[PDB]
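An overview of the molecular structure
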Amino acid sequence: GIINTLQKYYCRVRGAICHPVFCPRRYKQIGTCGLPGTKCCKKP
């Protein structure tokens, strides 16, 4: 099968591991990716 142990540098593997373009605030950090300013966030 396909695992999914999102950590940060690659937290999540889909359309976008981290917010596209950038990352807002208050979201809910779930793992920051190399991208400077792009982390695993999900709008409220």
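The notes below deal with the structure included here. (Residues numbered from 1 in each chain as written, not as in the entry; some residues may be left out. Heavy atoms only, no water.)

1. Focus on the overall build of the chain
- The helix and strand inventory of the chain stands at 0 helices and 0 strands.
- Residues classed as buried in the chain amount to 25% of the 44 residues present.
- Look at the contacts in the chain between residues 6 or more apart in sequence, and 15% of them connect residues 24 or more apart.
- Taken as a whole, the chain presents about 3,800 Å² of accessible surface, with 58% of it coming from carbon and sulfur. (Helix = DSSP H or I, 4+ residues; strand = E, 2+ residues; numbered from the N terminus. Buried < 20%, exposed > 50% of the residue type's maximum accessible area, 1.4 Å probe, protein only. Contact = heavy atoms within 4.5 Å. Areas by Shrake-Rupley, 256 points an atom, 1.4 Å probe, with all protein chains shown as cover.)

2. Some points on unusual backbone geometry
- Even without being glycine, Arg12 reaches a positive phi, approximately 80 degrees.
- What makes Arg12 partly exposed here is its relative accessible area of 44%.
- At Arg26, a residue that is not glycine, the phi angle is positive and equals roughly 75 degrees.

3. Digging into the state of the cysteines
- This model, assessed by the stated rule, comprises 3 disulfides.
- The disulfide that involves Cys11 links it to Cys40, with 2.1 Å between the sulfurs.
- With a relative accessible area of 0%, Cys11 lands in the buried category.
- The exposure class assigned to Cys40 is buried, which follows from its relative accessible area of 4%.
- The disulfide that involves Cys18 links it to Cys33, with 2.2 Å between the sulfurs.
- Residue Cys18 is classed as buried on the basis of its relative accessible area of 7%.
- Using a relative accessible area of 6% as the deciding quantity, one classes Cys33 as buried. (Disulfide = S-S within 2.5 Å.)

By themselves these figures say nothing about function.
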